[PDB]
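Undergrad: From the sequence below, what's the structure:
(4 chains)
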Amino acid sequence: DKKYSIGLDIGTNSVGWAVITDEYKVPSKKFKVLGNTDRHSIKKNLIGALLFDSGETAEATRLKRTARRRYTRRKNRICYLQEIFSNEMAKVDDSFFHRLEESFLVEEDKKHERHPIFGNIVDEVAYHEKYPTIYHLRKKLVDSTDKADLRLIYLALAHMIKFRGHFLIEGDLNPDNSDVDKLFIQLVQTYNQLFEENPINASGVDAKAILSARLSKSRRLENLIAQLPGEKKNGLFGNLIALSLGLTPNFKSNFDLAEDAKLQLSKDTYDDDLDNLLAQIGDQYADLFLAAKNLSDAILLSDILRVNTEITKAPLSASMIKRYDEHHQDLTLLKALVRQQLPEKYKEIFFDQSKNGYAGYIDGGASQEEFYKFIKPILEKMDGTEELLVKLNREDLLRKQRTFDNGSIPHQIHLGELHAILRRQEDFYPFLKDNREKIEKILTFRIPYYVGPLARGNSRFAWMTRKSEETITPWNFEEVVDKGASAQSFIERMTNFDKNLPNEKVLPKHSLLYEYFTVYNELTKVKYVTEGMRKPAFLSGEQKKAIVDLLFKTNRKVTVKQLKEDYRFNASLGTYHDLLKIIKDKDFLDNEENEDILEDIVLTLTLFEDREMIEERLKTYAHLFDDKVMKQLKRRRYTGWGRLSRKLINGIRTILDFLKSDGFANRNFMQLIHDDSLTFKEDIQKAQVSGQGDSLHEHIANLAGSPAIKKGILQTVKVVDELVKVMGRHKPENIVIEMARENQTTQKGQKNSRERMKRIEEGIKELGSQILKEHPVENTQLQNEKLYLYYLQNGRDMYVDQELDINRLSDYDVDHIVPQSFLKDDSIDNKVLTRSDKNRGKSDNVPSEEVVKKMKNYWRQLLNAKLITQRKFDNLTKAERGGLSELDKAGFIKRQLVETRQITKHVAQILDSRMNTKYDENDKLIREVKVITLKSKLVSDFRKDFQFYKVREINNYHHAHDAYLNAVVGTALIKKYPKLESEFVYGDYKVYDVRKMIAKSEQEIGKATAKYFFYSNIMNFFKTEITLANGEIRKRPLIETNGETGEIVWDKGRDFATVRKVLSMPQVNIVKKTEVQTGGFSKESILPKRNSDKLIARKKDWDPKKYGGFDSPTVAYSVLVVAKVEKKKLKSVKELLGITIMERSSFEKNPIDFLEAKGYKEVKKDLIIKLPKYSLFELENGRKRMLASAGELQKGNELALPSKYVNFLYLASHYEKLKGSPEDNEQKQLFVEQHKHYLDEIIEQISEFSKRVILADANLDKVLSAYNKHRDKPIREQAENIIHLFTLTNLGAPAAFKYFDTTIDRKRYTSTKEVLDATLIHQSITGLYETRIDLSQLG
RNA sequence: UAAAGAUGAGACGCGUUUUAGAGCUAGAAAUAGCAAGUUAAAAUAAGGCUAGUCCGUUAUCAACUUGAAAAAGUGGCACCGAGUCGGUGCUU
DNA sequence: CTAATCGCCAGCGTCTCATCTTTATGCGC
DNA sequence: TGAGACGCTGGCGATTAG
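TA: Numbering: from 1, shown residues only, chains lettered A, B, ... in the order given. Structure as follows:
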């Protein structure tokens, strides 16, 4: 029947759609309504939008999955410790583990004894008095040699096992080398022995061993090198200090005889690199590295261990005990001093928990920073507190043991303390002597990152492979899991497959077969520039074999370009040459039977990065190489993966045999790929063998983009399917697809807007301009375009020798420099600042030859001073090159038309594949539907030029309006110019020479295909008149027709009125997508105990009345329940009930038992209605409400403000922000000032809409009073506040807003009683099909 | 070459809740005046069967009619108009 | 004696390792 | 070798209103 087109607009939170005919009209249609509402037919229009919530990434779930694994592994460690200790623990105390486990319970629910450790009050308080902290006991067990009971040893060891510090340091640490000055003196003596010169450096010795300053990580290796003049940092000593300071050294160049000695003490490659390093140097430098390692350790552990090293072997214990003692001393001093000086503040400081005193610091939730900030003015006004204020500046004033900065402690200190415990307690306990290695391994064990979860196949994240079927335990880990296979699968399960055969794995990038392919199938026959002969293309089989074997093999370098003359520029062939450099044998690689061996070798070197894994993998390959060869090989690693598989080349027959002029000298790889005789048939069979029945969801999943847009793509597909079903099951003619611009860019640009001031300051400094003192560098002037241009121009005219400065804004012009082809560029790269003088004499270029010749020197100086960008300078100097040529115009056409984003073409391909599914006799695609992609700039310029302004704060109609404008612009563009389909329409089309078939010499005169473009603006045919750079106006015909046909594509008279009638249309289908809420069960905070019934138990038997718990659960969906409830008497009731996320499965198991357990009786099974979030209700007078929760409601109506008021608001708000000709600005200012009375009409409209649907009388009266009291203020700020005023009538959740100074809070609808007697609406994705149910008839 | 984003794995330090760490003196008490604060146990989504040193906050989801599910199917057109859509004519 | 309204509240910091895309863009020339 | 913090919207206790 009729033909139609569909326009779309994909966004993050909205999808707009529209259906237009051939003359840009939106059809209307009568639709059938189901249900029982006695309203059989409704009339709707084919325009609307869909609204939904954004998608979420899996990061927040992953960060909790890792935490759950960490917690259960820690519990397993504690269980292992209990299991080993239980045998000897049974005789000492049979219920000690039970008292430890049940310690959370309250006294009346506990069994055994309340006191966990000893079981009696006097022993418990004696232990607490003897050991205030656990570190007292830990240091006592480290130092004392006396026998102690097993309980204290168990608690100490359990503390070390549960808290063990970080694993960021490889190797072992000796804490006995804590003396920084002794290490520095030892290093100085070592260099005094090693160096030929007697001094260590030019600075001599000054004992400046205080290198523990705050931060200053590489500032030791720089600044102490500045306090050690001499070899500085590039010398041998500077590299050694940087090695001790942790920075990467350069012994290859600074030190002598070292080929490469890049080392790091923390890294596990240390001493493995140093063996090879010291192989090439003498024993003189060997003794220096031990001192360097000692100094590095001394610097490293001095952050934590602030105690003398000659005390004991528990320095962490010593530091914590001295902190505890300092805390006690300063607490006593503070108490005495406060009581002597300020007695009235003692109660507040030491008793009130709600302040930031000591009571709030300990019992309350205050931090040490809050406590310091609160107590600093008191100590400042307080006398005798100089040392206290000094220690406050060093933040060692009442520090606790469990502090946030304890994460810097490595596990070696805890291992040393545990080893001291074991070594001093073996003799008393034989079972403690017998399992020292097991305890140490329990502390030090760690699962490698390439092994993954240790599942048995029921996990969708695991890849670890078992060599045996038994329980994995930390003392038999090395003989159960296959480390090499697991480390291989760790890489392989995340690398992509081959495009040609999507069932085979790709090859390593540095693989020898791949290198042979790159030098064989390419760089041969026609691919070579000269092919080593007079003819650039020849077969030359044996000749090119000899060329590959001699010119490229054993000679591949930069010299291949010169060497190829006698017998490509990108062929490298480097892996084989590195293999020659390592092996120094030329038989394995020359023999072709060993190719699998070399491929396996490069595969292992690419797969594995750990040094231990490579040696274990190559241990089985040790029958043909020696120890030096293995040492050279294990230090070499590659990276990167190719794009082609293995059986693509060797399995398919081979292609490696047939390439390079053996079969054909015509780039045989691509021809053989496209040859369907023997190769492309198998590829087509493999590609068709994919089980892509659900290809929509699979292709969506494999997209490269955010889930927030991957949701919108799927919703767009479903919307198009529903529209095609609606419109008589007829396919559309054209589909226009537009991707909305990002919203995060506005805030990021606002944050980065101050960079213009920094750039202006840097340019003024580079140019040495003294005019910077007359202006400030504040961001206020940066937002002004005229001020920014005056700053960038350094007070001089950009097209004249006169001075402009900041004298007057009216004596300046902002004319662009490239309007000849009308690229429509408004950025500062195309802007320029000059006086009112035009300084031009032609339209083909804004700058003239005389102007260019005059200002070339100043332009060159500004370009050298980084004041003018390269593109701007080239455009300014393009006048001498002969103006805008055909290539420049073609580039302008391409830039205006062709989009570059990669996701738009994927969406277009998805919709094209879903639409066009017909093949011809020659298997050609029948492209009956054209999919068109457009840029946002065209539609935005259309709205700006033809006064179709938008305001996003009024209603949600602008999504549908954007979709409709997309449709009309795309259809008009495809109707007028059918010769440019290859640029902006998806499909297979022959390209055209834009420089020839889309260009004209002058005035676009002549025959067909030359009247396309003389001015490169695309949207020029819409305007009734156009103006050049000068003051000349060229008119246009009223009816725009095709050049090669009589078809009418645009009427200036009638078509604008139709678009205006569409944009003032009141009924637009806005649908909010209902979604069942999922996520967390409740809020994560654990609340203290109380008697309220809103608390949620944290376990099965933990009563919230006695233990606290969570509250605020999240409701998945609500259900309408009609039943009868006892009141001693049964009374019928109809009410809603909120099914939370935690009980959703229990409700769906058996709803009858669920409502019986909740107290409802005699419920009706068939009357249960599932009501998800954002369900819609009708009520009275069109007052719609959206169900936000089981006891909340949301606004659900839309305000249809007229387009005259929308235009007036947009003009009034941008009163000083509009960009255009100064003649046009005065007209708009007069238009705003001539219609001041519209504001009262807008307020009346808001009041009339609010009194019917909103019902917010108090807020409405406050709004009216605030509007009345601010009438004298000017129209600009008044309209800017009236835009804020629309938050009252917006759709969705209520929110607060401001009107000048007064703040209006939110009015919330906290009762769902009124919706029980309304009409529920179930609507489809487009909202065209509805099913209305009258709930008042239920019961 | 750098930056960003999306995935997956292994670890650390805190925090928050109950319990243990005997408070003293004066009254008939209500309450007042003193002393002490630094630590430890357990839990960290309730739980599940496939019983693993696994899994549990991502994606997907109007109504009705079939089907265990996957999945499939269900709604006339034209013309005047417009306050969230109405009216008229033809037809089934 | 129950229902409507006002004010408050929301678990958080760090390190190591691996894979893939996409968008600017520098060096050489 | 670094930007700086809000912002959101439903639940809950305490208070007022009819």
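Undergrad: from the stretch 701-850 of chain A, which residue is nearest to DNA strand D?
TA: The stretch 701-850 of chain A approaches DNA strand D most closely through residue A:751 (4.1 Å), counting by C-beta to the nearest atom of the strand. In short, each C-beta sits where N, CA and C put it, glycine included.
Undergrad: since we're on the nearest residue to residue A:285 once chain neighbours are set aside, how many residues are nearby?
TA: Distances taken as C-beta to C-beta, 6 or more residues apart in numbering put residue A:194 closest to residue A:285, at 6.6 Å, once the chain neighbours are dropped. Neighbourhood size, residue A:194 [other C-beta atoms under 10 Å]: 15.
Undergrad: How about the contacts made by residue A:194?
TA: Residues near residue A:194 by C-beta atoms under 8 Å, 6 or more residues apart in numbering: A:284-285, A:287-288.
Undergrad: Wait, a strand at the residue of the stretch 701-850 of chain A closest to DNA strand D?
TA: No - going by DSSP: H, G, I helix; E, B strand; the rest coil, the assignment for residue A:751 is helix, not a strand.
Undergrad: Give me the neighbour count for it.
TA: Counted with other C-beta under 10 Å, residues neighbouring residue A:751 total 9.
Undergrad: Spatially nearest residue to the residue in the stretch 601-750 of chain A that RNA strand B sits nearest to (excluding sequence neighbours)?
TA: Proximity of the stretch 601-750 of chain A to RNA strand B (C-beta to the nearest atom of the strand) peaks at residue A:711, 3.7 Å away. Spatial nearest neighbour of residue A:711, excluding adjacent residues (C-beta to C-beta, 6+ apart): residue A:55 at 4.5 Å.
Undergrad: Am I right that the one you found is in a helix?
TA: No - counting by three-state DSSP, residue A:55 is located in no helix; its state is coil.
Undergrad: gap between it and residue A:974?
TA: Distance check for residue A:55 against residue A:974: by C-beta to C-beta, to the nearest Å, it reads 33 Å.
Undergrad: Between these two, which is the more surrounded one?
TA: A direct count of neighbours by other C-beta under 10 Å for residue A:55 and residue A:974 places residue A:974 higher, at 20 against 14.
Undergrad: so where do the helices sit in the stretch 951-1100 of chain A?
TA: A:958-976, A:981-984, A:994-997, A:1054-1063 (DSSP state H, counting those that start in this stretch).
Undergrad: Mind checking these for the one nearest to DNA strand C?
TA: Closest of these to DNA strand C is helix A:981-984, at 16.4 Å (criterion: C-beta to the nearest atom of the strand).
Undergrad: And the closest one, what does it pack against?
TA: helix A:886-897, strand A:930-933 (3 or more C-beta pairs under 8 Å, 6 or more residues apart in numbering; DSSP states H and E).
Undergrad: For residue A:539, what is the enclosing helix or strand?
TA: Under DSSP states H and E, no helix or strand contains residue A:539.
Undergrad: Can you report how many residues neighbour it?
TA: A count of nearby residues for residue A:539, using other C-beta under 10 Å, gives 16.
Undergrad: and residue A:1320, how far is that from residue A:1190?
TA: Counting by C-beta to C-beta, the gap from residue A:1320 to residue A:1190 is 15 Å.
Undergrad: Give me the more crowded residue out of those two.
TA: Legend: neighbour count by other C-beta under 10 Å for residue A:1320 and residue A:1190, higher for residue A:1320 (20 against 17).
Undergrad: got the buried residues for the longest helix along chain A?
TA: Criterion DSSP state H: the longest helix present in chain A is helix A:59-92. For helix A:59-92, burial by neighbour count (16 or more other C-beta atoms under 10 Å) applies to A:77, A:80-82, A:84-85, A:89.
Undergrad: and if you look at stretch A:1281-1297?
TA: Within stretch A:1281-1297, the residues that count as buried by 16+ other C-beta under 10 Å are A:1281-1283, A:1285-1291, A:1294, A:1297.
Undergrad: Could I have the CA atoms of stretch A:862-879 written out in PDB?
TA: Only the C-alpha atoms of stretch A:862-879 are listed here, as PDB (Å, rounded to 0.1, in the frame of the first residue of the first chain):
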ATOM      1  CA  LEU A 862      52.300  33.500  16.700                       C
ATOM      2  CA  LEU A 863      52.700  29.900  15.400                       C
ATOM      3  CA  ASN A 864      56.300  29.700  16.800                       C
ATOM      4  CA  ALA A 865      55.000  31.100  20.100                       C
ATOM      5  CA  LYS A 866      52.200  28.400  20.100                       C
ATOM      6  CA  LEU A 867      49.500  31.100  19.900                       C
ATOM      7  CA  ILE A 868      47.900  29.900  16.700                       C
ATOM      8  CA  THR A 869      47.300  26.200  15.900                       C
ATOM      9  CA  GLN A 870      48.700  24.600  12.800                       C
ATOM     10  CA  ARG A 871      45.300  24.100  11.100                       C
ATOM     11  CA  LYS A 872      44.300  27.800  11.800                       C
ATOM     12  CA  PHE A 873      47.700  29.000  10.500                       C
ATOM     13  CA  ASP A 874      47.400  26.800   7.300                       C
ATOM     14  CA  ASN A 875      43.800  28.100   6.700                       C
ATOM     15  CA  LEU A 876      45.000  31.700   7.200                       C
ATOM     16  CA  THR A 877      47.900  31.200   4.800                       C
ATOM     17  CA  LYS A 878      45.900  29.200   2.200                       C
ATOM     18  CA  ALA A 879      45.100  32.400   0.200                       C
END
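Undergrad: and it, how far out from the chain's middle?
TA: 36 Å (C-alpha atoms, centre = their mean, to the nearest Å).
Undergrad: OK, contacts around the residue nearest to residue A:711?
TA: Residue A:55 touches A:706-708, A:710-711, counting by C-beta under 8 Å, 6+ apart.
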